[PDB]
Amino acid sequence: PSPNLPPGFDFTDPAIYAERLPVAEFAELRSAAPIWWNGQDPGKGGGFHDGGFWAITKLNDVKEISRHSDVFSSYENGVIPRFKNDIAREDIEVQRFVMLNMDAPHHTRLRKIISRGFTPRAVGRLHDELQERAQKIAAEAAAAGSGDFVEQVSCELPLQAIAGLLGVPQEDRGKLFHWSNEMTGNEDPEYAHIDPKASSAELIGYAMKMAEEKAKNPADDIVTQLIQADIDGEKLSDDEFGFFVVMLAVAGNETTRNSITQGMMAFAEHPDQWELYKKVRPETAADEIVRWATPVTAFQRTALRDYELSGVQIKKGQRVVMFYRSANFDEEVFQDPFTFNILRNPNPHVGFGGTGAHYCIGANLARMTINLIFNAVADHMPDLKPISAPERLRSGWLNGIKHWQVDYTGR
Ligand code: HEM
Ligand SMILES: CCCC(=O)c1cc2cc(-c3ccncc3)ccc2n1CCC1CCNCC1
Ligand SMILES: CCCC(=O)c1cc2cc(-c3ccncc3)ccc2n1CCC1CCNCC1
Ligand SMILES: [Cl-]
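Numbering of residues starts from 1 on every chain and follows the written order of that chain's sequence, so it may differ from the entry's own numbering; residues lacking coordinates are omitted. The order in which chains are written sets their letters, starting at A; the order in which ligands are written sets their numbers, starting at 1. Computation of side-chain values: all heavy atoms of the structure, hydrogens and water removed. Residues with missing side-chain atoms are left out of burial classes, side-chain pairs and their counts.

Honestly, the side chain of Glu-64 in this entry has me stumped. Any pointers?
Each helix corresponds to a stretch of at least 4 residues labelled H or I by DSSP, and each strand to a stretch of at least 2 residues labelled E; elements are numbered beginning at the N terminus. Locating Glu-64 in the fold gives a position in helix 3 (residues 59–67). Between buried and exposed lies partly exposed: a residue is buried under 20% and exposed over 50% of the maximum accessible area for its type, with that area taken using a 1.4 Å probe on protein chains only. Just so you know, the count uses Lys and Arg for positive and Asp and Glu for negative, and it drops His and the chain ends. In what follows, salt bridge is the name for a side-chain nitrogen of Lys or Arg lying within 4 Å of a carboxyl oxygen of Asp or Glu. One buried charged side chain, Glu-64, makes no salt bridge at all; its nearest oppositely charged neighbour is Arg-67, positioned 4.8 Å away. What makes two residues a contact is simply this: any of their non-hydrogen atoms within 4.5 Å. Contact partners of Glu-64, with chain neighbours within four places excluded, come to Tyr-307, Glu-308 and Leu-309.

How should I be thinking about the site of ligand 3 in this particular structure?
Every residue lining ligand 3 is accounted for by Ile-80, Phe-83, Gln-95, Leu-100, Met-183, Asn-186, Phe-243, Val-246, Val-250, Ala-251, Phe-299 and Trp-397. One of the side-chain N or O atoms of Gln-95 is found 3.2 Å from an oxygen atom in ligand 3. Protein chains shield 89% of the accessible area of ligand 3, which is 620 Å² for the free molecule. Residues belonging to the shell around ligand 3 are distributed by class as follows: 10 nonpolar, 2 polar and no charged. Here a residue counts as near a molecule or strand whenever at least one of its heavy atoms sits within 4 Å of it. Definition of a polar contact: a pair of N or O atoms within 3.5 Å, with one able to donate and the other able to accept a hydrogen when the atoms are protein atoms, and with sequence-neighbouring residues admitted only if both atoms are side-chain atoms. Surface exposure here means Shrake-Rupley accessible area, sampled with a 1.4 Å probe, where a residue is shielded only by the protein chains that are shown. Polar here means any residue other than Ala, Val, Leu, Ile, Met, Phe, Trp, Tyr, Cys and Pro, which are nonpolar, and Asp, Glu, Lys and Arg, which are charged; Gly is therefore polar.

Hey, could you run me through the site of ligand 1 in this one?
Near ligand 1 there are 28 residues, and of these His-107, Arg-111, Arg-301, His-358 and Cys-360 occur at the shortest range. Within the side chain of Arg-111, an N or O atom sits 2.8 Å from an oxygen atom of ligand 1. Between ligand 1 and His-358, the relevant distance is 2.8 Å, taken from an oxygen atom to a side-chain nitrogen or oxygen of the residue. Listing elements by their share of the shell around ligand 1, those giving two or more residues are helix 5 (106–114), helix 13 (238–251), helix 14 (254–269), strand 5 (298–303) and helix 18 (363–380). Taken together, the residues that form the shell around ligand 1 break down as 16 nonpolar, 10 polar and 2 charged.

Would you mind going over the pattern of salt bridges with me for this structure?
A side chain with one charge may pair with a side chain of the opposite charge, provided their charged atoms come close. Tallying each qualifying case throughout the model produces 21 salt bridges. A salt bridge links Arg-281 to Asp-379, with the nearest nitrogen and oxygen atoms 2.6 Å apart. With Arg-281 in the loop between helix 15 (271–280) and helix 16 (284–293) and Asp-379 in helix 18, this pair connects stretches of sequence that are 98 residues apart. A cluster of three or more residues bridged by salt bridges with shared partners is formed by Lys-58, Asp-330 and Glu-332.

Looking at this structure, I do not really get the UniProt feature "binding site: heme" in the chain. What am I missing?
UniProt positions are given in the numbering used here, feature names are shortened, and annotations may be inferred rather than shown by experiment. Per the UniProt annotation, the sites labelled "binding site: heme" are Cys-360. In this fold, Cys-360 is placed in the loop between helix 17 (324–327) and helix 18. Beyond its immediate chain neighbours, meaning those up to four positions away, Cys-360 contacts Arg-111 and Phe-352.

This is the structure we're talking about:
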């Protein structure tokens, strides 16, 4: 029995996500075809010209793929499942220079070096400054009475986390945030004029200059840790640091931002959860917010050899697309997945990916950011109420909210 889906439906179709999350369609696959070939017509494969991909909709299959990185490659085709249909293959293969799109052993060496910048000590050291900034952001927004929750609440704190992690001076954070914002969303008409190619080049150039400068004058931020050789002589080259910063500018910006926006959207839809949050302030809320928001709808892998996955024969060279948005509502794993429950514990969501070599290195920085900003929202605008429906982002792999008008005072 084939799944009940519109003909030619592509789960990476940006025109879908500009309007809605295809929640019913994902649930139909989970019930009727949990691993399903998503065919793609000629020239409509978002930069990939192989006829289609395997849609992966169950959490256990997402985890099995993520664990078997020896078979399911990030390097072969990158992990972004959709670009502009016209993108040149060389523009996809340039993504291989960031650690996200690397396989072992190159990924193994890089991740070990990058780990110096994401130790619990390195992240926890940002706590106090990010808490202060979260409080000031929410106070400034509440003083405005009403406005765009996305721009006035969700946007700044994730960017300040990247800036503080890297130790970017305050006078430079303006153009750093601009470059980071010009990296994503260019298939939405609102961002048709952004140039991620130019921005990534500017980010790399800025980052190399910063690596050269930071080598001359070490400090305590992670940049010194990254470019300092260890006992084995391992360190980031200047351009390697540049590719790290470009990855960070994307990895930590719109992901946490959209978790914040869609976390508040869930709170507006479930006022009992919001009342419970304001009273208890449970930090388990962050993980339920990420599960609910699933800012990365999907990442892909490519099979390096034949592999049988849950009774389905994946053939060498074929792409599998891990739909975290489907897996995070898998009825087999979650008790009442469609109930927003900020006390859910344990919460084995795959919003940060499936356990494995590429698991989000900034997951705890993200959770801290989310907890600090929602404590600040609760402190300064506890009676927030939405004014109109959110405006969704036209993207085939990012689940984004561009704008969301709310009344911070409630009256
Ligand atoms: C709610 C916020 C976030 C979400 C939902 C998220 C999601 C993800 C996902 C799905 C992956 C791929 C995992 C895999 O393929 O197995 C990933 C990797 C990564 N994330 Fe995040 N992320 C978030 C925040 C952040 C932040 C704040 C940072 C850093 C400041 C960060 C840095 C990274 C990096 C560097 C990688 C690549 C790791 C590797 O390939 O080894 N992320 N993230
Ligand atoms: C890496 C140094 C700058 C650069 O050069 C370059 C950046 C860049 C970015 C994209 C892109 C990013 C996100 N979304 C869509 C596109 C595409 C191409 C990019 N490039 C050129 C790389 C080519 C590699 C082979 N030689 C000629 C240059
Ligand atoms: C050298 C050019 C790098 C680049 O360009 C790029 C980096 C990057 C990082 C992520 C990411 C990493 C970890 N966690 C979440 C996200 C995702 C995409 C990334 N890219 C390509 C951006 C394209 C822009 C145009 N639309 C398709 C994506
Ligand atoms: Cl994008």
